[PDB]
Each structure stands twice: as structure tokens, then as C-alpha cells.
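Given next, in C-alpha cells, is a single chain: the form deposited in one PDB entry.
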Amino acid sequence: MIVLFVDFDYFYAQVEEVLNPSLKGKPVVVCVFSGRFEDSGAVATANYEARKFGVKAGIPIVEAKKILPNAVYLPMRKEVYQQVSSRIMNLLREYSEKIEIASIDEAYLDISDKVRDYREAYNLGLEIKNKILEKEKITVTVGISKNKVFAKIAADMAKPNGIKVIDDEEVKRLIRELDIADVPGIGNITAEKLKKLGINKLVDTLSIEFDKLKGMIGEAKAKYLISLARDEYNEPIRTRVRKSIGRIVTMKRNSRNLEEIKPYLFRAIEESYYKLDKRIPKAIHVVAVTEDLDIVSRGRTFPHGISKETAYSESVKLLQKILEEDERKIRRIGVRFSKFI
């Protein structure tokens, strides 16, 4: 298999630069303003100039400004970003029928039957990069390898505005030499657990008994790493079928007032049914985050489909149950739908 992965560079901020060329060369920080109070919220992304001066995704806007008062701070316009994204994804569909949209700015193409080797793949990667730049003025990074995981690792290594092939011999070398913390799916918390077990590289995952590994990180992640280490990973390129779909929102203020909370819950349900499209759920869960940041959920599974109308009325009953059985104020409220017909 030959997999080509495309990851758009500093995507949100780059879109803002496209829409305002006056911003280029300036530090640009795109932000999620929460509005629970002043300048509350977090950095969604920053361009590479802003990162140079200490601002990165996830930090509080409050801290970002203290850090880089000099930057241009912009509200997230996700609807605008989604439109650019959708057009780019349609461009990519032209290069292969076998496409997997992983997120608003990432997609994998299975080009096994489109090119004969990694030389032609590299060439296709350049064509893709040029076309996206020509049509949307967005730079992207391309990663190419024998499976999805190494194609992404390649992009991670080459960004931004890059292209990289990890060929079959390099896959073998990296199984031995790559810090396992750099494997997709392994965050800092998981990397640390592995380090305690004596695992620093993919190849090390085989030095331990499965039950010990599975007991530390779970069976799913254990089989994932083991497959990678044995170079057997070969997951098909295709859009994932979601097992659940929902929406949970932060409220303007904490509350236990049923009718102060209902409007957020109901909007959550509306956004959920838009996302659901033609999928019909058999299960609904109302999910609350309390004032001190615990989660409480109450669900119901039916032996049949739940239309939007039954979702509304049942969600009320489930919310009442949360409020009856937990005396804390609620901070976030929403719904998740699952068990599709």
C-alpha cells in the first residue's frame, strides 16, 4: 500500500492571512472567546511567527497576550474555515476515490493504484501541494509511506509547507529508533506509562507480556502499537463510521434552573440532528459537566429509532434525573446519540 497524507499548515490562522494579506509577516493568533468573562477562552492556533514568540494552541488568551501583547488576536470563524476545508477536500477527491477525511485539516489518500512507487508518489504530492496553493493559496504538508501511521509521522516531521517520504527501509529503522512518544495516539500521559514499563521505541512493545501492556494502556492501544512494531498495521483508507454523535456546550453561567439550562440542551440536540443527517439513533445520553468539573450522565436505550421530537422530550426527563440525583450546579450540558439503525 502507498498512502499519501495531507495536513494543512497552521490552518485557521493561514485562512485569516488569505482573507487579509495585510496580516502576513505579522504574528497572528486565532482564538476561542468564551465570554464567561473578559478575554476568557483559549488559543485555537497561531501562525509560525506567533509561535516563535511563545504562543501556541491551547494556552489561555489571557496568557497569550501577557506573552505576546504585540500579536493580532482574531476570533475563530470556524464556518469560514470549514468552507475552505470542504473545497480542498473536494480537490483531493480528484486524486483518489479512496479518501479518508480525518479532520478539518487532515486527509489520507490511498494511492496504491494511482502510482507505482514512492518516486511517483512524491511527484503526486508536489502536484497536490501546487494545486491547493494555486486554488486556495493554502500551503500544506504531505507525508507519504506504506500506511496511515507513518504517512502522518512523515508529515509531522516535514511541516510546515513540506513533503516527506518514509520508505520501507526507513519504516524498519523508525520502529527501532523513533521515540514512541512521536507515534500518533501516544500523548504525554501514555508515553510516560510506557517509559515506566521500559518501552521507549515501538520495537520495545514486544519485550513485555501483552497482559502487562494491555493492563497499562488498554487492549486497543496495545494491539495498535504491537501491529505497528511488527509492521503489520494496514488499516484501510476510508472515512470512519462514527459510533456516536452529539454536542455538549458550556453555559454562560452555572445553574440548576431547568429552564435556564433547557435552551442550551435543545440547541445541542439541534446541532446533533444536523450532524446525524439520515442516521437514526436508538440511544440518547444527556451529559452534564458540574461546577467542579465532574461529568454526570443519564441515558436511555430504546428498542427503536429516536426522532428529533422524542429526543427533545426524553432529554428533559434525563436532565431532571441529573438535577434530582446530583445537587451541584451544572456548567456544561449536552447530548450524545449512539446505536444507529
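Note that residue numbering follows the sequence shown and begins at 1. Rigid core: the largest C-alpha set superposing within 1.5 Å between the two forms. Only residues modelled in both forms are compared.
The discussion below concerns the form deposited in another entry, not included here.
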- Note on the structure: Core-superposed between this form and the one not shown, the one of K78, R116, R256, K223 with a C-alpha shift of 2 Å or more is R256
- Query: Between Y274 and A102, do the C-alpha atoms lie closer or farther in the other entry than in the shown form, with a difference of 3 angstroms or more?
  - Reply: farther
- Note on the structure: Shown form as baseline, in the other entry, CA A220-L276 shift of 3 Å or more puts them farther
- After the core superposition, state the residue ranges of at least 3 consecutive residues in which each CA shifts by 2 Å or more between this form and the one not shown. 239-341
